Amino acid sequence: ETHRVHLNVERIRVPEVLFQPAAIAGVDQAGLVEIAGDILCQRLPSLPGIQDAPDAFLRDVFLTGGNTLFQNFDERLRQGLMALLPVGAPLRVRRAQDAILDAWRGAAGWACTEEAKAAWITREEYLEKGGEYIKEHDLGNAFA
Amino acid sequence: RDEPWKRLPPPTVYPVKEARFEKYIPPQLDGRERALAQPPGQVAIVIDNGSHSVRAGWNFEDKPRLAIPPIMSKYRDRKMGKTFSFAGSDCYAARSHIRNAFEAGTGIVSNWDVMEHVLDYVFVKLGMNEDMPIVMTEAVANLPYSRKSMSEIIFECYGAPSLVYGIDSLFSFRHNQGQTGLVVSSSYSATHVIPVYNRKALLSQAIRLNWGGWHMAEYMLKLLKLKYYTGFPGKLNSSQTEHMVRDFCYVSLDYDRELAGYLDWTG
Amino acid sequence: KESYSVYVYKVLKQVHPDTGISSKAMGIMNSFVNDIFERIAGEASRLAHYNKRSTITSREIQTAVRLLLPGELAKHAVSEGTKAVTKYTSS
Amino acid sequence: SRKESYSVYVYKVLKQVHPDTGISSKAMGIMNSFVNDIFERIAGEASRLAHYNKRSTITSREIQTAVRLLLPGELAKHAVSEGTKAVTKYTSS
Amino acid sequence: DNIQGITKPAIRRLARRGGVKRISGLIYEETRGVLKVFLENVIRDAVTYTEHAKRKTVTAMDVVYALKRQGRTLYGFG
Amino acid sequence: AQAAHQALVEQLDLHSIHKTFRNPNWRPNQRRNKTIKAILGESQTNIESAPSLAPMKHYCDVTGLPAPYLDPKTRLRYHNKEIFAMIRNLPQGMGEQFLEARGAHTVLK
Amino acid sequence: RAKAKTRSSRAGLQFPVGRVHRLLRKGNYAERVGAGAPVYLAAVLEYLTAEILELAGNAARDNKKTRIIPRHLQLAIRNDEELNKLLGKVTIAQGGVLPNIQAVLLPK
Amino acid sequence: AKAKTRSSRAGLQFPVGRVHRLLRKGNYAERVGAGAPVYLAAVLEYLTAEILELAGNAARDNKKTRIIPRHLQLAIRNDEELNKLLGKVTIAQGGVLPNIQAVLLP
Ligand SMILES: Nc1ncnc2c1ncn2[C@@H]1O[C@H](COP(=O)(O)OP(=O)(O)OP(=O)(O)O)[C@@H](O)[C@H]1O
């Protein structure tokens with residue numbers, strides 16, 4: 001009886017820090033809903049070179065990572081984006097199929113294609129170009 | 001009044017699921033025999049360098065072969081007179097001199113003496129008795145010194161034909177057959193939001209939140225340390241709080257109404 | 001010929017604004033100040049030498065205050081000191 | 001590890017005053033404690049004397065005065081005598 | 001409870017060592033109270049030194065310092 | 001009895017298997033295993049984290065209930081008078097740990 | 001040079017953090033003294049001063065006087081459990097004693 | 001040249017060098033004068049000798065060659081000047097002086 005831990009509020013207080021970080025745990029950053037709204041509504045319409053900021057990026061917002069398999073996580077993000085976006089946007093939030101294992105399968109399917117063959121770094125390229133050499137692929141980071 | 005706990009049912013209790021070991025040592029050599037049978041250019045070893053679980057396998061399959069934490073541990077026994085060093089899941093979490101390859105709280109590798117032995121365990125348990133290409137994951141906007149040190153360990157220590165770095169969430173995007181969207185990926189170290197426009201990541205404006213599953217575990221440990229205030233007779237590890245979070249936490253839909261009437265007696 | 005008079009006066013006119021204090025009483029209060037100073041400083045020095053440190057940090061002063069002053073006195077003193085050091089750091 | 005003590009010198013003095021007598025480790029601990037304690041007392045009072053009279057040096061004269069304040073009665077006179085002998089031998093050599 | 005481990009016989013012996021011929025039955029509980037107050041004062045200081053030193057173990061030195069702080073210098077330890 | 005555990009310790013080992021592919025010419029450098037502060041000091045990317053500016057709903061930090069008012073002595077958000085009682089008689093050294101769990105402890109230096 | 005802000009103020013204090021620092025440093029308590037130490041010690045000295053002077057003014061009002069004197073300081077230092085424990089072996093000049101007559105000596 | 005210890009130069013068994021170090025490194029003063037450790041070593045040696053002499057006598061009286069804590073207690077409490085110097089001091093395993101108050105005897 002003494003060796004028992006009861007959980008009441010910790011069920012809904014701990015996975016809530018993703019949405020209200022500055023109040024529950026004091027991390028002085030923004031919530032997930034507010035970051036998604038900042039990107040969808042204030043940066044992407046102001047970026048030249050793309051056609052439709054709400055009509056394209058809202059077609060597929062899906063959730064990938066391991067810290068996602070909580071009950072009712074996509075619905076919270078959908079209600080937040082529904083509160084932020086204009087009325088009539090075809091919002092459809094879904095998730096990946098194998099959330100903790102698709103990060104491996106995507107690089108498994110990518111590994112032996114022509115873009116990957118055009119993005120490798122061989123040994124003599126490491127001997128010549130140096131150490132911090134970046135083949136600019138559309139998935140990797142920015143070249144330097 | 002005896003009513004509020006007279007007809008109350010007996011409790012349904014759940015035990016502790018601590019991340020222990022598991023009784024398996026496979027020296028799997030049946031993958032190299034299939035890898036040497038394929039034509040060249042279509043054989044590569046893919047390593048997901050995850051902060052919670054480094055995964056590794058061959059590209060022509062669907063499940064990864066090795067899925068281990070970056071835990072290693074080295075010892076010296078004077079009662080036996082021998083130096084031990086095993087790594088991965090073979091550590092039991094009875095002895096623990098555990099240090100991790102990832103820095104606690106950030107998915108940037110800065111403990112290279114651990115990462116070298118982790119990669120050593122990977123290449124041993126895959127089977128290397130002798131030169132395949134390597135596709136390896138990293139974090140978003142990685143520091144250049146970490147990439148330099150990782151490339152130096154790949155070329156100089158082991159000897160590899162080629163390696164290429166990529167972002168694992170974007171690989172899971174490309175496997176999920178998307179073209180243009182908003183990838184939100186909550187990892188073990190940080191939660192990234194990355195806009196992708198026609199199979200191209202717009203990394204000039206992606207934003208990472210500094211919260212993750214490790215922060216879930218540590219904050220859960222702090223709240224169970226401060227809830228049970230007068231002293232709890234029990235070892236409060238971080239990993240058992242992580243397994244509490246994995247199966248006893250859910251994001252509530254309407255938080256400010258659910259929260260204020262949560263600790264009522266009725267129910 | 002330096003004395004904590006000035007400061008005793010400023011504190012007095014903060015806590016009982018229209019009340020004065022006599023010259024003899026000022027002497028006694030100054031002696032009080034010197035005595036408490038000495039005791040705390042000395043206990044702090046001892047704690048330092050005992051822990052093989054060569055510096056009297058805020059943490060030495062805190063522990064000295066907790067050893068010297070009784071009960072509520074100790075608690076309130078710790079509080080005030082902590083508040084002061086915090087404000088100093090902020091500025 | 002390393003832990004220096006006065007046990008050596010205590011033993012030297014014992015074998016001058018009573019050559020047939022020994023000393024137990026517990027008694028040696030007490031004697032080690034005693035030497036430390038009275039060192040701290042005399043050095044401490046000499047420190048105060050120096051500070052009071054606005055002096056920065058614990059000279060022989062501070063130690064003498066500290067000894068007169070700290071030790072009772074005949075112990076003061078004898079201690080002051082041996083101290084005066086010691087500094088005389090030292091400075092004359 | 002544990003204070004009642006300081007038994008009536010134990011207190012008797014201590015009174016005998018102090019030259020006490022006859023002991024009223026009320027002395028035993030008074031002695032326990034007096035002892036508890038003394039130990040609390042010394043242990044409070046000993047823990048205070050222990051905490052300062054960033055240790056979890058109370059040492060003989062912490063007790064000796066606590067006793068010297070309170071004017072009851074103990075020779076034989078340290 | 002402990003022979004099975006000893007065999008499990010022996011077979012789970014890296015030095016028991018010879019490294020048939022490690023290059024012995026390579027030598028490790030000492031100046032590794034740094035921190036993020038040190039690596040950022042070397043290069044003076046990863047500054048895309050963004051703060052917020054919005055009203056925050058302040059909850060309790062003893063319990064998880066919504067709490068509307070704090071204290072002068074200890075600066076703790078608290079729900080009602082039971083939690084106020086447990087705040088004003090808690091043993092010392094924990095009233096700072098609640099602000100440590102919430103953040104902005106500001107421990108002395 | 002930028003304007004000299006007194007540390008007492010930088011601290012929100014009436015007491016002289018400056019002088020306290022001199023006394024700790026020039027006073028051989030140790031080889032090195034932090035800034036924190038002066039600040040904290042000055043604060044603690046102010047607090048106790050405040051308590052004593054407050055109780056003393058309370059006593060002075062109780063006796064309908066405008067001026068704190070030694071007897072007042074004394075009666076203050078003796079009516080508080082905590083100050084009397086802090087100053088339990090201190091004599092205050094011109095302080096006098098607290099009024100006390102045993103019961104057995106009182107008229108019966 | 002050959003080293004001559006300040007102890008031997010002063011005619012003392014007690015360590016003048018060690019005492020000098022302890023006076024410097026114990027933060028007692030900014031400066032420690034050359035005569036100070038010689039004087040302090042002389043005094044500590046004297047008082048050491050005085051207690052050990054009386055303790056040796058106490059040991060002899062109990063027909064033992066080893067000074068045990070009991071002998072230090074008997075030595076200290078039977079000399080008025082030691083008992084005034086060490087009045088507030090407790091000695092482990094020392095015991096008490098045999099003393100029954102006059103009115104308790106039959
Ligand atoms: N069934 C589940 N329910 C909830 N959470 C889970 C479940 N299974 C795993 N998790 C969480 O997923 C996390 C592991 O995520 P994962 O290992 O994919 O991140 P990662 O890819 O290593 O991160 P990074 O890319 O930063 O290295 C763990 O914190 C665990 O809490």
# chains A, B, ... in the order shown; residues from 1 in each chain; ligands from 1
>>> residues_around(residues="residue C:84", least_positions_apart="3", cutoff="8 Å", atoms="only C-alpha atoms", output="list in words")
residues 80, 81, 87 and 88 of chain C; 11, 12, 13, 39, 40 and 43 of chain G
>>> select_by_dssp(residues="chain E", states="helix (DSSP H, G or I)", output="PyMOL selection string")
chain E and resi 3-5+8-17+27-52+60-69
>>> interface_residues(of="chain F", to="chain A", cutoff="7 Å", atoms="only C-alpha atoms", output="JSON, numbers by chain")
{"F": [50, 51, 52, 56, 57, 58, 59, 64, 102, 103]}
>>> write_last_selection(atoms="N, CA and C atoms", output="tab-separated table (two decimals), in the first residue's frame")
chain	number	residue	atom	x	y	z
F	50	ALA	N	11.80	29.82	-31.63
F	50	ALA	CA	11.16	31.12	-31.48
F	50	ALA	C	10.36	31.21	-30.19
F	51	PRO	N	10.48	32.34	-29.45
F	51	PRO	CA	9.65	32.53	-28.25
F	51	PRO	C	8.27	33.03	-28.59
F	52	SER	N	7.48	33.35	-27.56
F	52	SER	CA	6.11	33.81	-27.75
F	52	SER	C	5.88	35.12	-27.03
F	56	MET	N	-0.54	34.11	-20.90
F	56	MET	CA	-0.45	32.72	-20.48
F	56	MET	C	-1.44	32.46	-19.36
F	57	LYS	N	-2.12	31.33	-19.43
F	57	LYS	CA	-3.02	30.96	-18.36
F	57	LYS	C	-2.22	30.30	-17.26
F	58	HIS	N	-2.09	30.95	-16.12
F	58	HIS	CA	-1.22	30.44	-15.07
F	58	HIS	C	-1.97	29.44	-14.19
F	59	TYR	N	-1.43	28.22	-14.11
F	59	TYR	CA	-2.00	27.13	-13.35
F	59	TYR	C	-1.26	26.97	-12.04
F	64	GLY	N	-2.18	20.45	-10.10
F	64	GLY	CA	-2.38	20.83	-11.47
F	64	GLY	C	-3.64	21.61	-11.75
F	102	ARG	N	8.95	24.45	-11.99
F	102	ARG	CA	8.29	25.35	-12.93
F	102	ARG	C	9.31	26.11	-13.76
F	103	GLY	N	10.52	26.26	-13.26
F	103	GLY	CA	11.53	27.09	-13.90
F	103	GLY	C	11.63	28.45	-13.24
>>> residues_around(residues="residue B:61", least_positions_apart="3", cutoff="10 Å", atoms="only C-alpha atoms", output="ChimeraX atom specification")
/A:105,108-109 /B:31,57-58,64-65
>>> interface_residues(of="chain E", to="chain H", cutoff="10 Å", atoms="only C-alpha atoms", output="mmCIF file with N, CA, C and O atoms, in the first residue's frame")
data_model
loop_
_atom_site.group_PDB
_atom_site.id
_atom_site.type_symbol
_atom_site.label_atom_id
_atom_site.label_comp_id
_atom_site.auth_asym_id
_atom_site.auth_seq_id
_atom_site.Cartn_x
_atom_site.Cartn_y
_atom_site.Cartn_z
ATOM 1 N N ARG E 16 23.707 7.278 39.296
ATOM 2 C CA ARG E 16 24.644 6.671 40.236
ATOM 3 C C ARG E 16 26.061 7.202 40.007
ATOM 4 O O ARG E 16 26.738 7.550 40.969
ATOM 5 N N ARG E 17 26.510 7.263 38.744
ATOM 6 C CA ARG E 17 27.814 7.808 38.392
ATOM 7 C C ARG E 17 27.943 9.251 38.896
ATOM 8 O O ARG E 17 29.023 9.658 39.323
ATOM 9 N N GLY E 18 26.838 10.016 38.873
ATOM 10 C CA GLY E 18 26.823 11.388 39.362
ATOM 11 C C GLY E 18 26.675 11.512 40.883
ATOM 12 O O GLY E 18 26.617 12.628 41.397
ATOM 13 N N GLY E 19 26.609 10.381 41.602
ATOM 14 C CA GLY E 19 26.599 10.377 43.058
ATOM 15 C C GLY E 19 25.194 10.428 43.664
ATOM 16 O O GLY E 19 25.045 10.703 44.851
ATOM 17 N N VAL E 20 24.166 10.085 42.875
ATOM 18 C CA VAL E 20 22.777 10.198 43.308
ATOM 19 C C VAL E 20 22.347 8.926 44.044
ATOM 20 O O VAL E 20 22.361 7.830 43.477
ATOM 21 N N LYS E 21 21.889 9.090 45.296
ATOM 22 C CA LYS E 21 21.547 7.967 46.160
ATOM 23 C C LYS E 21 20.108 7.500 45.921
ATOM 24 O O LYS E 21 19.861 6.294 45.914
ATOM 25 N N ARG E 22 19.159 8.439 45.753
ATOM 26 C CA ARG E 22 17.747 8.091 45.622
ATOM 27 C C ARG E 22 17.109 8.893 44.481
ATOM 28 O O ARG E 22 17.333 10.097 44.353
ATOM 29 N N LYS E 68 31.426 21.991 19.752
ATOM 30 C CA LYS E 68 32.287 23.134 20.045
ATOM 31 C C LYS E 68 31.508 24.445 19.878
ATOM 32 O O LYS E 68 31.679 25.353 20.687
ATOM 33 N N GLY E 71 29.729 24.999 23.063
ATOM 34 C CA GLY E 71 30.535 25.165 24.262
ATOM 35 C C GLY E 71 30.765 23.862 25.021
ATOM 36 O O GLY E 71 31.078 23.909 26.210
ATOM 37 N N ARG E 72 30.670 22.712 24.328
ATOM 38 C CA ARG E 72 30.838 21.407 24.957
ATOM 39 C C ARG E 72 31.912 20.581 24.236
ATOM 40 O O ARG E 72 31.684 19.414 23.922
ATOM 41 N N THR E 73 33.095 21.184 24.055
ATOM 42 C CA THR E 73 34.205 20.643 23.271
ATOM 43 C C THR E 73 34.523 19.186 23.628
ATOM 44 O O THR E 73 34.782 18.869 24.788
ATOM 45 N N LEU E 74 34.559 18.315 22.606
ATOM 46 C CA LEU E 74 34.816 16.891 22.781
ATOM 47 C C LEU E 74 36.182 16.513 22.200
ATOM 48 O O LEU E 74 36.431 16.674 21.003
ATOM 49 N N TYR E 75 37.060 16.010 23.082
ATOM 50 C CA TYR E 75 38.352 15.455 22.710
ATOM 51 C C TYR E 75 38.241 13.936 22.566
ATOM 52 O O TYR E 75 37.570 13.285 23.367
ATOM 53 N N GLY E 76 38.928 13.379 21.558
ATOM 54 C CA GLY E 76 38.987 11.939 21.348
ATOM 55 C C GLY E 76 38.556 11.541 19.937
ATOM 56 O O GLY E 76 38.836 10.430 19.484
ATOM 57 N N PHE E 77 37.826 12.452 19.285
ATOM 58 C CA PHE E 77 37.464 12.339 17.883
ATOM 59 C C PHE E 77 38.004 13.574 17.162
ATOM 60 O O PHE E 77 37.981 14.674 17.722
#
